[PDB]
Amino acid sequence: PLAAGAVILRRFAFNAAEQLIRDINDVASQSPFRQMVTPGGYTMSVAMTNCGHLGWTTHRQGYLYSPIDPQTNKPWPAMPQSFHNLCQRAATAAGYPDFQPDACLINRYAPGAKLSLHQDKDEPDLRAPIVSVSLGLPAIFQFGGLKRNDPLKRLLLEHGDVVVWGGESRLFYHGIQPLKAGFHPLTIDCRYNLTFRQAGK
């Protein structure tokens, strides 16, 4: 396959998108999007927030999952029903019926925003997949392999696409290329990505 252990489900979230986006807005009304600072001192171009019991954040110049939003000093908003349902349906179709995320990181891309190449290794159990849902403007996703120098492959992720990153692919280096400007009827001028994680012990 494209990436061993990954399951791409194009347009899987297409019908759910309008509701998901309403729920992104609701979460953000409580824990606002913010551009976090990397441990290296750089302000991320991607803006982020979280919902669920745990939320990914930079903290004391490292990263961690925290039950509290350090910007509001309140818990991250509860996981919306629409998020919970979509993630479970996707995980199940992909062969991970027991996947129980307790964190959802919500990434917002304005034109030009990108993610540099990296691995997702902050979770306690790397056998749990990550479920990724793309909404709005299309992005070029790049992913390599288990080594930083593995050859990259590229794939366009479009509105409604869901990828379940399990098995070996769960540990691949990956990133997102600078978002091209455009219009989408539901998000207007941005892309959102939801990544569901099992972050608790």
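Under this definition, the rigid core comprises the largest set of C-alpha atoms superposing within 1.5 Å between the forms. Note that residue numbering begins at 1 and tracks the sequence as displayed.
**Student:** Give, as the answer, the stretch of 33-41 and 58-66 that departs more from the shown form in 4 other deposited structures of this protein; the measure is RMS Cα distance after a core fit.
**Tutor:** When 33-41 and 58-66 are compared in 4 other deposited structures of this protein, 58-66 lies farther out.
**Student:** On a core superposition, give the stretch, 46-54 or 162-170, with the larger average C-alpha separation from this form in 4 other deposited structures of this protein (RMS over structures and residues).
**Tutor:** Evaluated in 4 other deposited structures of this protein, the stretch farther from the shown form is 162-170.
**Student:** Quick check on the record: does 57-65 or 28-36 carry the larger mean Cα temperature factor?
**Tutor:** Per the PDB entry, the higher value belongs to 57-65.
**Student:** Do the CA atoms of 79-87 or those of 97-105 have the higher mean B-factor in the entry?
**Tutor:** Mean B over CA atoms: larger for 97-105.
**Student:** For the C-alpha B-factor as written in the entry, point me to the maximum among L157, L152, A47, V164.
**Tutor:** Within the set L157, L152, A47, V164, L152 shows the top C-alpha B-factor.
**Student:** Maximum C-alpha temperature factor per the entry, among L126, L115, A110, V131, belongs to which one?
**Tutor:** Comparing C-alpha B-factors across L126, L115, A110, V131, the maximum falls on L126.
**Student:** Which third of the chain holds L2 when residues are ordered by C-alpha B factor: lowest, middle or highest?
**Tutor:** Its C-alpha B-factor, which the entry lists for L2, ranks in the highest third among residues of this chain.
**Student:** What third of the chain, by the recorded C-alpha B-factor, contains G41?
**Tutor:** For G41, whose C-alpha B-factor we compare with every modelled residue in the chain, the answer is the highest third.
**Student:** Give the position of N15 by CA B-factor within its chain, expressed as the lowest, middle or highest third.
**Tutor:** Highest third - that is where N15 ends up once the chain's C-alpha B-factors are sorted.
**Student:** Splitting the chain's C-alpha B-factors into thirds, which one does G145 fall into?
**Tutor:** It belongs to the highest third of the chain when residues are ordered by C-alpha B-factor.
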